[PDB]
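Visitor: Protein chains in written order, with my numbering: chain A, 95 to 275; chain B, 95 to 275; chain C, 95 to 275; chain D, 95 to 275; chain E, 95 to 275; chain F, 3 to 180; chain G, 3 to 180; chain H, 3 to 180; chain I, 3 to 180. Where is the CB? At the ideal position from N, CA and C, for every residue including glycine. Just dropping this structure here.
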Amino acid sequence: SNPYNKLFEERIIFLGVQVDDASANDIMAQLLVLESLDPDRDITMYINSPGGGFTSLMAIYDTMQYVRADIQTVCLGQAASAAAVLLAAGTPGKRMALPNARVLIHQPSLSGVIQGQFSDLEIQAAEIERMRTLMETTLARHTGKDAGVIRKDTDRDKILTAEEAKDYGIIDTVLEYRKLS
Amino acid sequence: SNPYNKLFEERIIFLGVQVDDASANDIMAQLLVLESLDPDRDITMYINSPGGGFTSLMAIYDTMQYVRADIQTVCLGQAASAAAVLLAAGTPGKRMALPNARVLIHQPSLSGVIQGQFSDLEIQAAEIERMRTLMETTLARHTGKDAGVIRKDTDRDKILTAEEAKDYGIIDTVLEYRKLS
Amino acid sequence: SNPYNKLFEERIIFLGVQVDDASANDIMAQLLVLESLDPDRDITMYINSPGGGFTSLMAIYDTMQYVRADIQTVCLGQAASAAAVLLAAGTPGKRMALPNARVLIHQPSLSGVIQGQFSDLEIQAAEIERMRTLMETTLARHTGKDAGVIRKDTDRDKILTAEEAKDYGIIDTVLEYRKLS
Amino acid sequence: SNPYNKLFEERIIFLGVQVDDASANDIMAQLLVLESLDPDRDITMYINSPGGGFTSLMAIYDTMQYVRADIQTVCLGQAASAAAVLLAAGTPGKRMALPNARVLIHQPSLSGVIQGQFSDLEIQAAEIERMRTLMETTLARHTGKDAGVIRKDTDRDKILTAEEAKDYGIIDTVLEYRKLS
Amino acid sequence: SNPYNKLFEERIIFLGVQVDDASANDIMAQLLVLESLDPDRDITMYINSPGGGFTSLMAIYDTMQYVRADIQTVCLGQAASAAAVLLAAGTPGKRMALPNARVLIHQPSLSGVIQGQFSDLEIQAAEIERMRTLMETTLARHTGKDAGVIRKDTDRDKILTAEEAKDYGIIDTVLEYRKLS
Amino acid sequence: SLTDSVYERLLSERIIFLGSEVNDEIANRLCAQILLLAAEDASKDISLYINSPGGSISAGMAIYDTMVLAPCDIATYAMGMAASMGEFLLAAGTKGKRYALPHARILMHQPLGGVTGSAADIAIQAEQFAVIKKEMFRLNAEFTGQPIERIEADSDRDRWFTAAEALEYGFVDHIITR
Amino acid sequence: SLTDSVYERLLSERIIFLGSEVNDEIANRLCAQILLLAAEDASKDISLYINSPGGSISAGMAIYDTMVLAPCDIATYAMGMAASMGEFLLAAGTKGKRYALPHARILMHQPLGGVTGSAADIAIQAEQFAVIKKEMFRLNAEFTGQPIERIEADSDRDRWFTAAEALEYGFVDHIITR
Amino acid sequence: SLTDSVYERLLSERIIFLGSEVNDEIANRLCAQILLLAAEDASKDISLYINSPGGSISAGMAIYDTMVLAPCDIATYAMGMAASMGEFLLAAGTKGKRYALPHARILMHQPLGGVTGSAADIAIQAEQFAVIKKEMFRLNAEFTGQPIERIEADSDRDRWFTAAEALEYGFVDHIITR
Amino acid sequence: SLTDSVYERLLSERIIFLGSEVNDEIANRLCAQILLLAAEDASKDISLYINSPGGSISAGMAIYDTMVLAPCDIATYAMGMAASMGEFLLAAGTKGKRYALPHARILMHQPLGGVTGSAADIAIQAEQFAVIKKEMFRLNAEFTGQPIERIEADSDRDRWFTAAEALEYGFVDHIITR
Ligand SMILES: CC(C)C[C@H](NC(=O)[C@H](Cc1ccccc1)NC(=O)c1cnccn1)B(O)O
Ligand SMILES: CC(C)C[C@H](NC(=O)[C@H](Cc1ccccc1)NC(=O)c1cnccn1)B(O)O
Ligand SMILES: CC(C)C[C@H](NC(=O)[C@H](Cc1ccccc1)NC(=O)c1cnccn1)B(O)O
Ligand SMILES: CC(C)C[C@H](NC(=O)[C@H](Cc1ccccc1)NC(=O)c1cnccn1)B(O)O
Ligand SMILES: CC(C)C[C@H](NC(=O)[C@H](Cc1ccccc1)NC(=O)c1cnccn1)B(O)O
Ligand SMILES: CC(C)C[C@H](NC(=O)[C@H](Cc1ccccc1)NC(=O)c1cnccn1)B(O)O
Ligand SMILES: CC(C)C[C@H](NC(=O)[C@H](Cc1ccccc1)NC(=O)c1cnccn1)B(O)O
Ligand SMILES: CC(C)C[C@H](NC(=O)[C@H](Cc1ccccc1)NC(=O)c1cnccn1)B(O)O
Ligand SMILES: CC(C)C[C@H](NC(=O)[C@H](Cc1ccccc1)NC(=O)c1cnccn1)B(O)O
């Protein structure tokens, strides 16, 4: 067994890589297996991800909201873009983050230019607008902010230190070091 | 065993990747094995796919319509192009989707330019037209729309939220979260 | 078993490669497994890394500070950039280095240009400034320097020989050769 | 088992590939395992390497000087640059080389141009100078030369035949053929 | 077991690929294992190689001259450049070649241009000259030619048919077909 | 050159060519030529000939502004192809002076573009794409005389015209037959 | 240049060359030259020489429109190769003035193109490909005098002609023999 | 060339074009032209026409400095596009002489750049990015007459203007209507 | 060209531009122009205008040597950007004749380079990098009048100046305000 197989025996999934469809289908497959192995024991989800992806975000957003088990998110070094939404998507009272982890909340973007007629670009922009409102509505029900506050805050990159990510509501506890180590 | 091997023991196949011939032959091989293991138990088909491919679509469209088992489709984060047709291709009463999954119905396209004489391009266009009518005839027998309504709706990209994909007829239930999580 | 599997049985992890997210998630998975196998036995961490990465640094900085086991860092040939911070991040009294290992402490940089509007670049620069202060605050609590001394010292590349890395406070012992060999 | 697994059972490690960090961490993992299996039995180290790398050199220089076992180096066809330092780094009385093996001692170089301000290039050049003096101080304590003689000799490429590499002090015995073969 | 594992049980190594350091370290590892398994039983060495490499040549030249076992070389389809030297490097009375195998003896070359100052190029040329004399001195002690004859013969490519490679002294017997087949 | 010397001799006869994709280089070359010909004779017609696969909106709006603000009557000529910004500048000629050569084909389609960047950037681009597409359709409705609801319906996708179809639609006023 | 100075001296003798693939650059250069030569002498023949591997339909329709609407009689000359749009502009010359040099080879084939985009875009392109191919075949039937059903049958794939085969087919009116 | 000969003839009529991205090559070409035209007649207006997608700040500050220090009144003309450094040099014209052609579109946005290198290098770049952005916003507040707090609020992201919106905002003083 | 003809007409008025990165091509072009203008009139000022992102040290030392050894007084002008070798040649002008246009920005930084090759080659390069950096800082201390210990402290990393900051630092002697 790997370490990654050993953490999964203790119901811990790594996000680790960026949230694309390949990573989202991995995490959804891991969240549903861990739901079936013990639905009343908390899945822990370690997040060191640079973000990326919205449908892949909302694939593993909805799955960690679907499953019978409570999700404990732990931000390791980084939760940027989509991964900060997944960090807030843990169960309240859960959602740890290590003390030097940065949390980068950020409005949705298009990676590169997508061409098309203006009637096709009015739809790709009505979609990136409803991707923006869905990013802010999701992040408001998990941080307790007012979803126009998040639109003002995620208007640019807002890098949150873990101590000011629990003041923002992204996490709940900046988890302390166990032994001085 | 992987998680993907564990979901397949519980008769769940991921679409996950885009629908190309490599992915279609995988899903057809998975649908026929799960038909042979228990033909009277519902195959579940998880769809997080960006679509793509029409013959690969109609390869795994016809197979999930062929098999003795009812197919339960679940849109995870995305069902675009072909995937949305496969999402509607589940059994009626089945066809779930997670609440923040987008469903992108979309008329068939050519990825890039295919050259040729005009008598060869009248045939590649009579094919992309009958690929369009077959996309609309398939999506009309599974959504209950009138197949000219779908031609008007899939004339551009029509991104459906899951709540308005069951109003469209693509899915039947936006499936609720089990525990608050 | 590999040699790498054999060193991990004796609770030794290699840093080895540069600190990116792929390497950080490996080391965090290894540090948490070795914490769970025996939390009161010292994890040794071998560092031959050229550095790189700050969120991946602070991912495995925080984990080696989190775990119940004391971390013994050993610089093999090189601890450059982020890896010198991980070298100082071992437990005091631990933190060895081989006699011809160089330790390259170094202020954070951007690999290549990141474009954007000036209001977006005021934030990427307020981040690389707080990445700089966090690099210096971390390296001051582990070397006992005054964090403005480290700003003066890491203003350029400061390559430390192991004998002058214990005078700097990065390591504690330049560990002697066992047999003449 | 491979042949490489079979030679390692008889406490023989191949250098073989060039000395980069991937190869250095392999050899350090092999030297420490063979130290732990039997610390009083001589590790043999076969060197057919084109050299390269200084921190990776001094990673496996220091390890073969660290371990309790005496190291027997054998130059197979080539010990260039860094690998010639590792060839001299064997135990005195050991350090064989095959009769048609060339030994290429060579001053440290930069593979390609590293850019920067002159205050940053005064440090990369003070480092390649102390890499040069450390290459010459290491090669003087193992060949018995006066370290200014080696600066005069490694000023250019000095390709040593094995018969004139024991006159130089790199090796001790040009080892004879066992049977005519 | 592969066929290649089956031939090695009968003490046959393939050269097969070109003689680079990766192939030379394989053959040296195979020659030393077969020496240790039975040092008084003839290792057979099948040569279908396009040559290449001089230090990798003299790595497996010296090893097949080192080992206690006699080496039987068999040229399969080709022994070019370095591999023709290895073909002659078998034990006298051994050194077969199949009847339509070509043997290409050839003076050493530089693959591509190596740049440098003229004082650095006087050394790379004094090396390719002593690589040339070592190629001719080696090929003279195994063919019985006068080493100035080989300089005249390998001045260009000299492709030897197997029937005229035993007249040259490269091989000893053009080995006959066993059954008409 | 040769091709620049023939264009220079037609420029002396007040015949300029839009013969490429309308980018900022060809637009500033035409805007320079319209300003240069309106400075020589302010009362003599300029014969712009359109053989264009389209181009940039703002490049063609630069030409269209110099076509209007010149005191000359810009006679336009669909020569083979008047697509995208080429049909726009074709239909932008003086009324009674917009010509199609009989085998020129006029492509009318809504503007193409590309959305880029963050969702606040794209919401500004799409706000501006709705401004550009409304003004492009307003001017095509002004040029052709078609209703703007018909302009936005026909120019949804590619809407090809022959010289006789563009005559009855309103892009050109005559078809040259000599 | 040299090659531009020789072309300029032939342009003074009213001899223009279609010597490349007919794209919009060469077409606008020829359309400029036909307009320039029809402005010098309106009653003297223009000797276009075709050495062309074909080209764009709309580029060649720009040339064909300027060949017709010029008051000059455009004498055309198949010089080595008159393929695709090159045979079209060869056969587009004035009747009695379409020449083939005796070893020129005339390639007649239906237009090539490419379908791109969504199925509603492609259905418009193929609707327009049927318009272009019908008009290209109508004009080749008008030029050669062949029936349009024979034009569409021969120009299904590549249909090569020698100078003597193109004479009896109808592309050229004479073969130059001096 | 042709396009250089038409620009040279407009340069004789004191009409220069900013028609590209404002880089150091186009800026030094315009600064040369402003110095050359201010040396011919020091009392006659220079008609700069802006068709620009923006450009470098320091390149446009070179033009803006030569526009101010020339004794001529630099009349500016938004011709199709004045985006970024193009709107800056548009609004940098003499008051009463900043014109927009009626379909020109003015893009106002804060400067783009890129941070590079070590954290001590980037802290100097961002210190200088705050200097450049404050001076760019101070001058846009000086040109338009808007408050600098409104300039920094509108020019946070892309802020598009029509010719009539830029007239009431303050970039241009008139709209040419002839 | 056009841009070469405007530069040639300013060269007749003894106005040369350093408008690019100072490489050996632009340096030898300026050194040719300084030698050509010092041969026409040895007593009339040459107005070099700096819009430069920096460049090579030895290329700028070629210009600086021809600026000094010309009998003309090289008036220099920071026009938008006088970075690196551009600020050096700006400050290398005749005292009383070094000007900054009011929005030019002066970047002062130590020379960049690259070490290459063996450790005996690099020890010679760094020996020569210490010679170049000491002589560059000695001349900036001579030009500005600042101490060489302040020059080496400010020019450790990028040290940006406005036109008013470079005036009090010593790069320029005036700021042009007309
Ligand atoms: C903050 C959350 C919402 C995610 C952030 N951005 C997005 O929403 C991502 C960014 C992205 C990633 C890959 C390719 C294109 C765009 N948005 C999307 O995935 C996306 C996909 N289709 C259309 C529009 N946006 B993250 O990637 O910065
Ligand atoms: C909505 C359903 C019908 C599928 C959508 N489009 C198609 O039908 C796909 C899109 C596509 C994918 C890959 C390469 C080229 C084209 N069409 C085809 O696969 C296809 C294949 N051969 C000819 C014409 N179309 B999807 O890919 O947007
Ligand atoms: C000394 C420690 C802090 C690490 C050093 N530098 C950093 O902090 C690294 C250097 C680096 C590596 C890869 C890509 C971009 C930048 N900084 C970062 O990782 C980083 C990431 N995002 C924004 C800003 N900096 B090391 O890489 O020289
Ligand atoms: C005795 C040995 C060390 C001499 C030569 N090797 C080196 O000097 C090697 C070659 C190398 C590899 C990567 C990047 C730059 C340079 N030097 C180094 O490893 C090195 C690394 N950082 C700074 C300076 N030199 B030889 O391998 O050519
Ligand atoms: C005939 C025997 C000696 C080998 C022949 N040539 C050589 O000696 C080979 C040819 C070769 C192969 C790969 C890369 C560069 C050069 N020579 C060398 O390996 C070599 C290596 N370093 C310096 C000079 N020559 B063969 O490769 O034609
Ligand atoms: C004329 C209109 C109706 C249709 C097309 N025009 C456009 O939309 C062109 C598209 C284009 C052209 C060249 C380079 C880049 C982009 N106009 C633009 O430049 C453009 C694109 N997006 C927004 C505003 N303007 B046509 O000219 O291709
Ligand atoms: C001309 C007729 C007889 C047949 C052939 N025509 C074509 O293939 C050309 C293809 C081409 C050539 C050069 C540049 C651009 C496009 N046809 C067209 O121009 C074309 C193609 N599709 C739609 C409209 N026009 B010939 O030119 O190869
Ligand atoms: C005029 C301002 C307010 C708006 C935009 N400016 C910029 O983004 C330009 C970017 C650019 C453009 C072309 C060449 C080089 C750099 N700003 C700069 O020149 C710049 C960038 N970083 C630091 C200082 N100046 B415009 O160019 O789109
Ligand atoms: C000029 C001084 C103030 C500082 C900077 N100089 C340099 O970085 C330039 C780098 C450069 C630029 C263009 C072409 C070739 C080399 N310095 C040199 O030319 C140089 C570098 N190393 C040794 C000798 N000269 B500036 O030009 O960026």
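Can you name the residues of chain D whose CB is closer than 9 Å to the CB of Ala125 (chain I)?
Guide: As a position in the ninth sequence, residue 125 (chain I) is number 123, starting the count at 1. Within chain D, the residues near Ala125 (chain I) are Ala219, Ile222, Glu223 and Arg226.
Visitor: Using beta-carbon positions only, say whether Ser58 (chain G) and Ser22 (chain G) come within less than 8 Å of one another.
Guide: Looking up residue 58 (chain G) in the seventh sequence gives position 56. Looking up residue 22 (chain G) in the seventh sequence gives position 20. No.
Visitor: Counting pairs of beta carbons, one from the stretch 84-98 of chain I and one from the stretch 162-173 of chain I, are three or more of them closer than 8 Å?
Guide: yes
Visitor: With a threshold of 7 Å on Cβ separation, who are the neighbours of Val268 (chain D) within its own chain once the five nearest residues in sequence on each side are excluded?
Guide: Along the fourth sequence, read from residue 1 onward, the residue named residue 268 (chain D) stands at position 174. Cβ within range, chain order: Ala191, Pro193, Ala256, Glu257 and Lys260.
Visitor: Since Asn53 (chain H) sits in a beta bridge, which residues does DSSP pair it with?
Guide: Residue mapping note: residue 53 (chain H) aligns to position 51 of the eighth sequence, counting from 1. In DSSP, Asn53 (chain H) forms a bridge with H:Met83.
Visitor: Looking at ligand 3, does it come within less than 7 Å of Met229 (chain C), judged from the CB to the closest heavy atom?
Guide: Counting from one through the third sequence, the residue named residue 229 (chain C) turns up at place 135. Checking every heavy atom of ligand 3 against the Cβ of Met229 (chain C), one is found closer than 7 Å.
Visitor: For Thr68 (chain G), collect the residues of the same chain with a Cβ closer than 6 Å to its Cβ; drop the 5 residues on either side in sequence, then sort them by chain order.
Guide: The sequence position of residue 68 (chain G) within the seventh sequence is 66, counting from 1. Cβ within range, chain order: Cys33 and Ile36.
Visitor: DSSP three-state call for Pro186 (chain D): helix, strand or coil?
Guide: Here the question's residue 186 (chain D) lines up with position 92 in the fourth sequence. Residue state, collapsed to three classes: strand.
Visitor: What's the call for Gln127 (chain F), buried or exposed, on a 16-neighbour Cβ count within 10 Å?
Guide: Residue mapping note: residue 127 (chain F) aligns to position 125 of the sixth sequence, counting from 1. Its Cβ being crowded by 16 or more others within 10 Å, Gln127 (chain F) is buried.
Visitor: Thinking C-beta only, is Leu254 (chain C) closer than 8 Å to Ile264 (chain C)?
Guide: On the third sequence, residue 264 (chain C) is found 170 positions in, with the first residue counted as 1. On the third sequence, residue 254 (chain C) is found 160 positions in, with the first residue counted as 1. Yes, Cβ-Cβ distance for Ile264 (chain C) and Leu254 (chain C) is below 8 Å.
Visitor: Quick one: complete beta strand (DSSP E) runs, 3+ long, within the stretch 99-177 of chain H?
Guide: 100-102, 107-110, 114-120 and 161-163
Visitor: Taking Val179 (chain B) as the reference, give the member of B:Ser205, B:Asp164 and B:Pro144 with the closest Cα.
Guide: As a first step, residue 179 (chain B) is located in the second sequence; it is residue number 85 there, counting from the start. Out of B:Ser205, B:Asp164 and B:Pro144, B:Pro144 has the C-alpha closest to the C-alpha of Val179 (chain B).
Visitor: DSSP beta-bridge partners for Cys33 (chain F)?
Guide: Reading the sixth sequence from its first residue, position 31 is the one you call residue 33 (chain F). DSSP lists no partner for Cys33 (chain F).
Visitor: Can you give the Cα-Cα distance for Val197 (chain A) and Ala125 (chain H), rounded to whole angstroms?
Guide: Counted from its first residue, the first sequence places residue 197 (chain A) at position 103. Counted from its first residue, the eighth sequence places residue 125 (chain H) at position 123. Approximately 22 Å, taken between the alpha carbons.
Visitor: Residues of chain A with a CB under 8 Å from the CB of residue 280 (chain B): which are they?
Guide: With chain B covering only 95 through 275, there is no way to say anything about residue 280 (chain B).
Visitor: What residue range is occupied by the uninterrupted beta strand (DSSP E) comprising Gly62 (chain F)?
Guide: Here residue 62 (chain F) refers to the residue found at position 60 of the sixth sequence. The continuous stretches of beta strand (DSSP E) do not include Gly62 (chain F), which lies in the alpha helix (DSSP H) extending over residues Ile59 to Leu71.
Visitor: Do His200 (chain B) and ligand 2 come close, with the Cβ less than 7 Å from some heavy atom?
Guide: As a first step, residue 200 (chain B) must be located in the second sequence, where it is residue number 106. Checking every heavy atom of ligand 2 against the Cβ of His200 (chain B), one is found closer than 7 Å.
Visitor: Per DSSP, what kind of secondary structure is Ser175 (chain D) in: helix, strand or coil?
Guide: Walking along the fourth sequence from the start, residue 175 (chain D) turns up at place 81. The answer is coil: DSSP assigns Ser175 (chain D) none of H, G, I, E or B.
Visitor: Identify every run of the beta strand (DSSP E) within the stretch 199-258 of chain C, keeping only runs that are complete inside it and at least 3 residues long; order them along the chain.
Guide: 203-211 and 252-255
Visitor: Nearest CA to the CA of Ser203 (chain E): which residue from E:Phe212, E:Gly146 and E:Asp120?
Guide: As a first step, residue 203 (chain E) must be located in the fifth sequence, where it is residue number 109. Of E:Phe212, E:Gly146 and E:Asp120, the residue nearest in Cα terms is E:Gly146.
Visitor: Relative to the C-alpha of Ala61 (chain I), which candidate in I:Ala29, I:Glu167 and I:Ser14 has its C-alpha closest?
Guide: To locate residue 61 (chain I), count along the ninth sequence from 1; it is residue 59. Comparing Cα-Cα distances from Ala61 (chain I) to each of I:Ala29, I:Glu167 and I:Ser14, the minimum goes to I:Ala29.
Visitor: Go through its chain and collect everything with a Cβ distance to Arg226 (chain A)'s Cβ below 8 Å, but skip five positions before and after it.
Guide: Along the first sequence, read from residue 1 onward, the residue named residue 226 (chain A) stands at position 132. The answer, listed in chain order, is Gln201, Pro202 and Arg245.
Visitor: Quick check: what's the CA-CA separation for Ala174 (chain C) versus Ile208 (chain C)?
Guide: Translated into the one-based positions of the third sequence, residue 174 (chain C) becomes position 80. Translated into the one-based positions of the third sequence, residue 208 (chain C) becomes position 114. Going by the C-alpha atoms only, they are around 23 Å apart.
Visitor: Can you pull out the residues from the stretch 156-175 of chain D whose beta carbon lies closer than 7 Å to at least one beta carbon of chain I?
Guide: Here the close residues number zero.
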